[PDB]
$ cat upload_12.txt   # compact mmCIF, N, CA and C atoms
# COMPACT_ATOMS: atom_id res chain seq x y z
N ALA A 119 -97.76 -52.00 68.46
CA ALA A 119 -98.60 -52.25 67.24
C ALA A 119 -97.71 -52.50 66.03
N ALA A 120 -98.15 -53.31 65.11
CA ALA A 120 -97.33 -53.60 63.90
C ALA A 120 -97.90 -52.86 62.68
N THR A 121 -97.05 -52.35 61.83
CA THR A 121 -97.55 -51.62 60.63
C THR A 121 -97.82 -52.60 59.49
N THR A 122 -98.43 -52.14 58.43
CA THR A 122 -98.72 -53.05 57.28
C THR A 122 -97.74 -52.77 56.14
N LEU A 123 -96.78 -53.63 55.94
CA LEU A 123 -95.80 -53.42 54.84
C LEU A 123 -96.42 -53.86 53.50
N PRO A 124 -96.35 -53.00 52.52
CA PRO A 124 -96.92 -53.33 51.19
C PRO A 124 -96.04 -54.36 50.47
N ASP A 125 -94.75 -54.17 50.50
CA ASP A 125 -93.84 -55.15 49.82
C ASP A 125 -92.44 -55.08 50.42
N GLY A 126 -91.50 -55.72 49.78
CA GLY A 126 -90.10 -55.70 50.28
C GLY A 126 -89.59 -54.26 50.31
N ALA A 127 -90.17 -53.40 49.52
CA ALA A 127 -89.72 -51.98 49.51
C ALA A 127 -89.82 -51.37 50.91
N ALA A 128 -90.74 -51.84 51.70
CA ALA A 128 -90.88 -51.29 53.08
C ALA A 128 -89.98 -52.05 54.05
N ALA A 129 -89.76 -53.32 53.79
CA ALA A 129 -88.88 -54.12 54.69
C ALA A 129 -87.48 -53.49 54.75
N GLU A 130 -87.06 -52.87 53.69
CA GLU A 130 -85.71 -52.23 53.69
C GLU A 130 -85.80 -50.81 54.23
N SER A 131 -86.84 -50.10 53.90
CA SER A 131 -86.99 -48.71 54.40
C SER A 131 -87.35 -48.71 55.89
N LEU A 132 -88.04 -49.73 56.34
CA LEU A 132 -88.42 -49.79 57.78
C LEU A 132 -87.16 -49.83 58.65
N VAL A 133 -86.29 -50.78 58.42
CA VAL A 133 -85.05 -50.86 59.24
C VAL A 133 -84.29 -49.54 59.18
N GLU A 134 -84.47 -48.79 58.13
CA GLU A 134 -83.75 -47.48 58.01
C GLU A 134 -84.51 -46.39 58.77
N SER A 135 -85.80 -46.51 58.88
CA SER A 135 -86.59 -45.47 59.61
C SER A 135 -86.14 -45.39 61.07
N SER A 136 -85.71 -46.48 61.63
CA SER A 136 -85.25 -46.46 63.05
C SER A 136 -84.10 -47.44 63.26
N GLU A 137 -83.33 -47.25 64.29
CA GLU A 137 -82.19 -48.18 64.55
C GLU A 137 -82.71 -49.59 64.85
N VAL A 138 -83.77 -49.69 65.60
CA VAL A 138 -84.33 -51.03 65.93
C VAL A 138 -85.71 -51.20 65.28
N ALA A 139 -85.90 -52.27 64.56
CA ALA A 139 -87.22 -52.51 63.90
C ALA A 139 -87.39 -54.00 63.60
N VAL A 140 -88.59 -54.50 63.69
CA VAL A 140 -88.81 -55.94 63.42
C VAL A 140 -89.87 -56.13 62.33
N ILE A 141 -89.78 -57.19 61.59
CA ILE A 141 -90.79 -57.44 60.52
C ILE A 141 -91.08 -58.94 60.44
N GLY A 142 -92.31 -59.33 60.65
CA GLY A 142 -92.65 -60.78 60.59
C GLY A 142 -93.06 -61.15 59.17
N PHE A 143 -93.09 -62.42 58.88
CA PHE A 143 -93.50 -62.88 57.52
C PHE A 143 -94.55 -63.97 57.64
N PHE A 144 -95.73 -63.63 58.08
CA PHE A 144 -96.79 -64.67 58.24
C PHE A 144 -97.60 -64.84 56.95
N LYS A 145 -97.81 -66.06 56.54
CA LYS A 145 -98.60 -66.31 55.30
C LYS A 145 -100.09 -66.10 55.58
N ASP A 146 -100.51 -66.31 56.79
CA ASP A 146 -101.95 -66.13 57.13
C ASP A 146 -102.07 -65.20 58.35
N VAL A 147 -101.85 -63.93 58.16
CA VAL A 147 -101.96 -62.98 59.30
C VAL A 147 -103.31 -63.12 60.00
N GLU A 148 -104.29 -63.65 59.32
CA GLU A 148 -105.64 -63.82 59.95
C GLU A 148 -105.72 -65.14 60.72
N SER A 149 -104.60 -65.78 60.96
CA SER A 149 -104.62 -67.07 61.71
C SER A 149 -104.27 -66.83 63.18
N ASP A 150 -103.92 -67.87 63.89
CA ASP A 150 -103.57 -67.70 65.33
C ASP A 150 -102.10 -67.29 65.47
N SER A 151 -101.22 -67.93 64.73
CA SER A 151 -99.78 -67.58 64.82
C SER A 151 -99.58 -66.07 64.63
N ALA A 152 -100.46 -65.44 63.90
CA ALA A 152 -100.33 -63.97 63.68
C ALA A 152 -100.96 -63.20 64.84
N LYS A 153 -102.03 -63.71 65.38
CA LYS A 153 -102.70 -63.01 66.52
C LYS A 153 -101.69 -62.74 67.64
N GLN A 154 -100.96 -63.74 68.05
CA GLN A 154 -99.97 -63.54 69.13
C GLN A 154 -98.97 -62.45 68.74
N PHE A 155 -98.57 -62.41 67.49
CA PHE A 155 -97.61 -61.37 67.04
C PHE A 155 -98.10 -59.98 67.44
N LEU A 156 -99.23 -59.57 66.91
CA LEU A 156 -99.77 -58.23 67.25
C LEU A 156 -99.89 -58.08 68.77
N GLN A 157 -100.53 -59.01 69.42
CA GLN A 157 -100.67 -58.92 70.90
C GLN A 157 -99.31 -58.71 71.55
N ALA A 158 -98.34 -59.51 71.21
CA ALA A 158 -96.98 -59.34 71.81
C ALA A 158 -96.38 -58.01 71.34
N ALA A 159 -96.75 -57.56 70.17
CA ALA A 159 -96.21 -56.27 69.66
C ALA A 159 -96.83 -55.10 70.42
N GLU A 160 -98.07 -55.23 70.80
CA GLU A 160 -98.74 -54.13 71.55
C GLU A 160 -97.96 -53.79 72.82
N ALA A 161 -97.18 -54.72 73.30
CA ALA A 161 -96.39 -54.46 74.54
C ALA A 161 -95.46 -53.26 74.32
N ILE A 162 -94.69 -53.28 73.27
CA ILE A 162 -93.76 -52.14 73.00
C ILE A 162 -94.36 -51.21 71.94
N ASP A 163 -94.22 -49.92 72.12
CA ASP A 163 -94.77 -48.97 71.11
C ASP A 163 -93.65 -48.15 70.47
N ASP A 164 -92.53 -48.05 71.12
CA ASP A 164 -91.40 -47.26 70.55
C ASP A 164 -90.74 -48.02 69.39
N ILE A 165 -91.06 -49.28 69.22
CA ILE A 165 -90.44 -50.06 68.11
C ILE A 165 -91.40 -50.15 66.92
N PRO A 166 -90.90 -49.85 65.74
CA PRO A 166 -91.75 -49.89 64.53
C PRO A 166 -91.99 -51.34 64.09
N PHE A 167 -92.88 -52.04 64.74
CA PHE A 167 -93.15 -53.45 64.35
C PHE A 167 -93.85 -53.49 62.99
N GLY A 168 -93.47 -54.40 62.13
CA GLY A 168 -94.12 -54.47 60.79
C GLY A 168 -94.50 -55.92 60.49
N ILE A 169 -95.54 -56.13 59.72
CA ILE A 169 -95.96 -57.53 59.40
C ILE A 169 -96.62 -57.59 58.02
N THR A 170 -96.29 -58.59 57.24
CA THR A 170 -96.90 -58.71 55.89
C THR A 170 -97.00 -60.17 55.47
N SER A 171 -97.88 -60.44 54.57
CA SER A 171 -98.05 -61.83 54.06
C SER A 171 -97.76 -61.87 52.56
N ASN A 172 -97.41 -60.75 51.98
CA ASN A 172 -97.12 -60.73 50.51
C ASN A 172 -96.07 -61.79 50.17
N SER A 173 -95.66 -61.87 48.93
CA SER A 173 -94.64 -62.88 48.54
C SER A 173 -93.29 -62.19 48.29
N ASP A 174 -93.32 -61.01 47.73
CA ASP A 174 -92.04 -60.30 47.46
C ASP A 174 -91.26 -60.12 48.77
N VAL A 175 -91.95 -59.98 49.87
CA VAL A 175 -91.25 -59.82 51.17
C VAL A 175 -90.71 -61.17 51.63
N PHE A 176 -91.37 -62.24 51.27
CA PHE A 176 -90.89 -63.59 51.68
C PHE A 176 -89.71 -64.01 50.81
N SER A 177 -89.90 -64.04 49.52
CA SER A 177 -88.79 -64.43 48.60
C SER A 177 -87.56 -63.57 48.88
N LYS A 178 -87.75 -62.41 49.44
CA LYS A 178 -86.59 -61.52 49.74
C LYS A 178 -85.60 -62.23 50.67
N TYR A 179 -86.05 -62.65 51.82
CA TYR A 179 -85.14 -63.34 52.77
C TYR A 179 -85.16 -64.85 52.52
N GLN A 180 -85.63 -65.28 51.37
CA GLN A 180 -85.67 -66.73 51.08
C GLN A 180 -86.41 -67.48 52.19
N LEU A 181 -87.68 -67.23 52.34
CA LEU A 181 -88.46 -67.93 53.41
C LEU A 181 -89.41 -68.96 52.78
N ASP A 182 -89.04 -70.21 52.80
CA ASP A 182 -89.93 -71.25 52.21
C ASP A 182 -91.31 -71.19 52.86
N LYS A 183 -91.39 -70.71 54.07
CA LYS A 183 -92.70 -70.62 54.76
C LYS A 183 -92.76 -69.36 55.63
N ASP A 184 -93.71 -69.28 56.52
CA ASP A 184 -93.81 -68.08 57.39
C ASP A 184 -92.64 -68.04 58.38
N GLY A 185 -92.39 -66.91 58.98
CA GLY A 185 -91.26 -66.82 59.95
C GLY A 185 -91.12 -65.37 60.43
N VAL A 186 -90.76 -65.18 61.67
CA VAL A 186 -90.61 -63.79 62.19
C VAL A 186 -89.14 -63.51 62.53
N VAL A 187 -88.61 -62.43 62.03
CA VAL A 187 -87.19 -62.08 62.32
C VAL A 187 -87.10 -60.60 62.72
N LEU A 188 -86.02 -60.19 63.33
CA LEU A 188 -85.91 -58.75 63.73
C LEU A 188 -84.85 -58.06 62.87
N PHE A 189 -84.87 -56.75 62.82
CA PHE A 189 -83.88 -56.03 61.99
C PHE A 189 -83.19 -54.94 62.82
N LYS A 190 -81.88 -54.96 62.88
CA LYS A 190 -81.15 -53.93 63.66
C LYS A 190 -79.92 -53.45 62.90
N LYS A 191 -79.39 -52.32 63.26
CA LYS A 191 -78.19 -51.79 62.56
C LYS A 191 -76.92 -52.26 63.25
N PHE A 192 -76.99 -52.52 64.52
CA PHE A 192 -75.77 -52.99 65.25
C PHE A 192 -75.68 -54.52 65.25
N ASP A 193 -74.70 -55.06 65.92
CA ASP A 193 -74.53 -56.55 65.96
C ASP A 193 -74.63 -57.14 64.56
N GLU A 194 -75.01 -58.38 64.47
CA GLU A 194 -75.13 -59.04 63.15
C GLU A 194 -76.02 -58.21 62.22
N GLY A 195 -77.22 -57.91 62.63
CA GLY A 195 -78.12 -57.10 61.77
C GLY A 195 -79.40 -57.89 61.49
N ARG A 196 -79.33 -59.20 61.55
CA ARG A 196 -80.54 -60.03 61.29
C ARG A 196 -80.66 -61.14 62.34
N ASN A 197 -81.82 -61.71 62.49
CA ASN A 197 -82.00 -62.79 63.51
C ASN A 197 -82.74 -63.97 62.89
N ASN A 198 -83.43 -64.73 63.70
CA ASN A 198 -84.18 -65.90 63.17
C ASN A 198 -85.01 -66.54 64.29
N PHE A 199 -86.21 -66.08 64.49
CA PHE A 199 -87.07 -66.66 65.56
C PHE A 199 -87.33 -68.15 65.29
N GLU A 200 -87.31 -68.96 66.31
CA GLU A 200 -87.56 -70.41 66.12
C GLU A 200 -88.62 -70.89 67.11
N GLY A 201 -88.57 -72.14 67.50
CA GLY A 201 -89.59 -72.66 68.46
C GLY A 201 -91.00 -72.33 67.97
N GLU A 202 -91.91 -72.09 68.87
CA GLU A 202 -93.30 -71.76 68.45
C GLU A 202 -93.55 -70.25 68.59
N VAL A 203 -94.52 -69.73 67.88
CA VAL A 203 -94.80 -68.27 67.97
C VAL A 203 -95.80 -67.99 69.10
N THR A 204 -95.37 -67.30 70.12
CA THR A 204 -96.30 -66.99 71.25
C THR A 204 -95.91 -65.66 71.90
N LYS A 205 -96.87 -64.93 72.41
CA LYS A 205 -96.57 -63.62 73.06
C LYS A 205 -95.38 -63.75 74.02
N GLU A 206 -95.42 -64.71 74.89
CA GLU A 206 -94.30 -64.88 75.86
C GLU A 206 -92.98 -65.05 75.11
N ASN A 207 -92.99 -65.77 74.02
CA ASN A 207 -91.74 -65.97 73.25
C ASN A 207 -91.35 -64.68 72.52
N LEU A 208 -92.30 -64.04 71.89
CA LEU A 208 -91.99 -62.78 71.17
C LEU A 208 -91.31 -61.78 72.11
N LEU A 209 -91.92 -61.48 73.22
CA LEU A 209 -91.31 -60.51 74.18
C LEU A 209 -89.87 -60.94 74.50
N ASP A 210 -89.60 -62.22 74.45
CA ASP A 210 -88.22 -62.69 74.74
C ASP A 210 -87.32 -62.44 73.52
N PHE A 211 -87.78 -62.82 72.35
CA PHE A 211 -86.96 -62.59 71.13
C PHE A 211 -86.54 -61.12 71.06
N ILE A 212 -87.48 -60.22 71.09
CA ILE A 212 -87.14 -58.77 71.04
C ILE A 212 -86.08 -58.44 72.09
N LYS A 213 -86.44 -58.58 73.33
CA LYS A 213 -85.48 -58.28 74.43
C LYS A 213 -84.16 -59.03 74.20
N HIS A 214 -84.19 -60.11 73.48
CA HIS A 214 -82.94 -60.88 73.22
C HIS A 214 -82.25 -60.37 71.95
N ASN A 215 -82.95 -59.61 71.14
CA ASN A 215 -82.33 -59.10 69.88
C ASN A 215 -81.63 -57.76 70.15
N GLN A 216 -82.36 -56.68 70.15
CA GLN A 216 -81.74 -55.35 70.40
C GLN A 216 -81.09 -55.32 71.79
N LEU A 217 -80.46 -54.24 72.14
CA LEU A 217 -79.82 -54.14 73.48
C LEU A 217 -78.84 -55.32 73.68
N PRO A 218 -77.58 -55.05 73.49
CA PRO A 218 -76.55 -56.11 73.66
C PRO A 218 -76.40 -56.47 75.14
N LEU A 219 -75.49 -57.34 75.47
CA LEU A 219 -75.30 -57.72 76.89
C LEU A 219 -74.91 -56.50 77.71
N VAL A 220 -74.42 -56.70 78.90
CA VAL A 220 -74.02 -55.55 79.76
C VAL A 220 -72.87 -55.95 80.68
N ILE A 221 -71.90 -55.09 80.84
CA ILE A 221 -70.75 -55.43 81.72
C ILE A 221 -71.19 -55.43 83.19
N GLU A 222 -71.84 -56.47 83.62
CA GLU A 222 -72.30 -56.53 85.03
C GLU A 222 -72.53 -57.99 85.45
N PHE A 223 -72.24 -58.32 86.68
CA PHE A 223 -72.44 -59.72 87.15
C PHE A 223 -71.72 -60.70 86.21
N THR A 224 -71.96 -61.97 86.37
CA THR A 224 -71.29 -62.97 85.49
C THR A 224 -72.13 -64.24 85.39
N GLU A 225 -73.41 -64.14 85.65
CA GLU A 225 -74.29 -65.35 85.58
C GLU A 225 -73.70 -66.48 86.44
N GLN A 226 -73.59 -66.26 87.72
CA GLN A 226 -73.03 -67.33 88.60
C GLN A 226 -73.89 -68.59 88.51
N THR A 227 -73.50 -69.53 87.69
CA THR A 227 -74.29 -70.78 87.56
C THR A 227 -73.36 -71.99 87.44
N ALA A 228 -72.54 -72.02 86.41
CA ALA A 228 -71.61 -73.17 86.24
C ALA A 228 -70.55 -73.17 87.35
$ encode --input "upload_12.txt" --output "structure tokens"
Amino acid sequence: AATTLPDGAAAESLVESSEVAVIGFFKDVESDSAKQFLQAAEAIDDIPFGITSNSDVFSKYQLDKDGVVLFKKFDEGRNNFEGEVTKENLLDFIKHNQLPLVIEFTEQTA
């Protein structure tokens, strides 16, 4: 489930509340692009998912339009979801954000 962030004040405190946390920036949470977000968020419950359509949260990360990104303390610290917004894609972004690689196998392909 995703929480309701009032403004950028929560976007910064959220990432601090837990090591792994994500926050989307949808301009029309009542649209379809937002529906998939919550649905895909319902999959994981241990992660503090957050979502807001305010403007102070958008101008914060300089977002000319809507966009969903994740927030973590390790690795880079920020991400940038692309392609289209869909439950199948969201579950991939998350799993692709937190949890770094692993010393095992070597992707035998090339």
$ closest_residue --input "upload_12.txt" --among "A:185, A:132, A:162, A:125" --to "residue 198 (chain A)" --atoms "all atoms listed in the file"
A:185
$ closest_residue --input "upload_12.txt" --among "A:155, A:166, A:126, A:149" --to "residue 178 (chain A)" --atoms "only N, CA and C atoms"
A:126
$ select_by_dssp --input "upload_12.txt" --residues "chain A" --states "alpha helix (DSSP H)" --output "VMD selection string"
chain A and resid 126 to 135 150 to 161 174 to 178 205 to 215
$ residues_around --input "upload_12.txt" --residues "residue 217 (chain A)" --least-positions-apart "3" --cutoff "10 Å" --atoms "only C-alpha atoms" --output "list in words"
residues 138, 190, 192, 193, 212, 213, 214 and 220 of chain A
$ atom_distance --input "upload_12.txt" --atom1 "CA of residue 161 (chain A)" --atom2 "CA of residue 209 (chain A)"
7.9 Å
$ atom_distance --input "upload_12.txt" --atom1 "CA of residue 222 (chain A)" --atom2 "CA of residue 210 (chain A)"
19.9 Å
$ select_by_dssp --input "upload_12.txt" --residues "region 120-189 of chain A" --states "strand (DSSP E)" --output "ChimeraX atom specification"
/A:120-122,138-143,167-170,185-189
$ closest_residue --input "upload_12.txt" --among "A:191, A:145, A:196, A:153" --to "residue 173 (chain A)" --atoms "only C-alpha atoms"
A:145
$ closest_residue --input "upload_12.txt" --among "A:168, A:180, A:225, A:215" --to "residue 130 (chain A)" --atoms "only C-alpha atoms"
A:168
$ axis_aligned_box --input "upload_12.txt" --around "region 125-137 of chain A" --padding-each-side "4 Å" --output "AutoDock Vina command-line options"
--center_x -88.5 --center_y -50.6 --center_z 57.2 --size_x 20.6 --size_y 18.3 --size_z 23.3
